[PDB]
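Worksheet: one structure, shown below.
In structure tokens form, the structure reads like this:
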């Protein structure tokens, strides 16, 4: 069962990475 | 189990720290977007003209009121939704 939670946290990390990249792009676009 | 527990603890640490980072970044975005929206609506309103200034002489029943304005003169006008 702990495999499941570890993979879920890994997906959480990747999703946060996606959010950070998207926010950087939106920040540049919004500044322009 | 050692591998498993250690890596999930690590994941928790990085995920929470990046969640705080995301909080900061998202807040900055939510201020910038609000400001941009403000400016856009300001310009859209700026397109609207100056609507005159007048003084009413006598209300003459709902949907009709008399008002005098500079040298255009005295006009009867229907009131808006207010």
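Residue numbers (PDB author numbering), protein chains in the order written: chain D, 39 to 70; chain C, 21 to 102.
Cβ atoms here follow ideal geometry from the backbone N, Cα and C, with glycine treated the same way.
If you measure between the beta carbons of residue i and residue j, is that distance less than 9 Å?
i                     : j                     : result
residue 65 of chain D : residue 45 of chain C : yes
residue 25 of chain C : residue 40 of chain D : yes
residue 88 of chain C : residue 77 of chain C : yes
residue 52 of chain C : residue 69 of chain D : yes
residue 28 of chain C : residue 44 of chain D : yes
residue 42 of chain C : residue 54 of chain D : yes
Could one say the Cβ of residue i lies closer than 9 Å to chain D's Cβ atoms, at least one of them?
i                     : result
residue 59 of chain C : no
residue 25 of chain C : yes
residue 56 of chain C : yes
residue 21 of chain C : yes
Considering residue i, what are the terminal residues of the beta strand (DSSP E) in which it resides?
i                     : result
residue 59 of chain D : That residue, residue 59 of chain D, is in no beta strand (DSSP E); its alpha helix (DSSP H) goes 40-69.
residue 92 of chain C : No beta strand (DSSP E) contains residue 92 of chain C, which DSSP labels as neither H nor E.
residue 73 of chain C : Note, residue 73 of chain C: premise wrong, no beta strand (DSSP E); not H, not E.
Check for me: the alpha helix (DSSP H) holding residue i runs from which residue to which?
i                     : result
residue 27 of chain C : 22-66
Does the stretch 21-41 of chain C come within contact of the stretch 40-52 of chain D, defined as at least 3 CB pairs closer than 8 Å?
yes
Members of the stretch 30-53 of chain C near chain D, C-beta cut-off 7 Å:
31, 32, 34, 35, 38, 39, 41, 42, 45, 46, 48, 49, 52, 53
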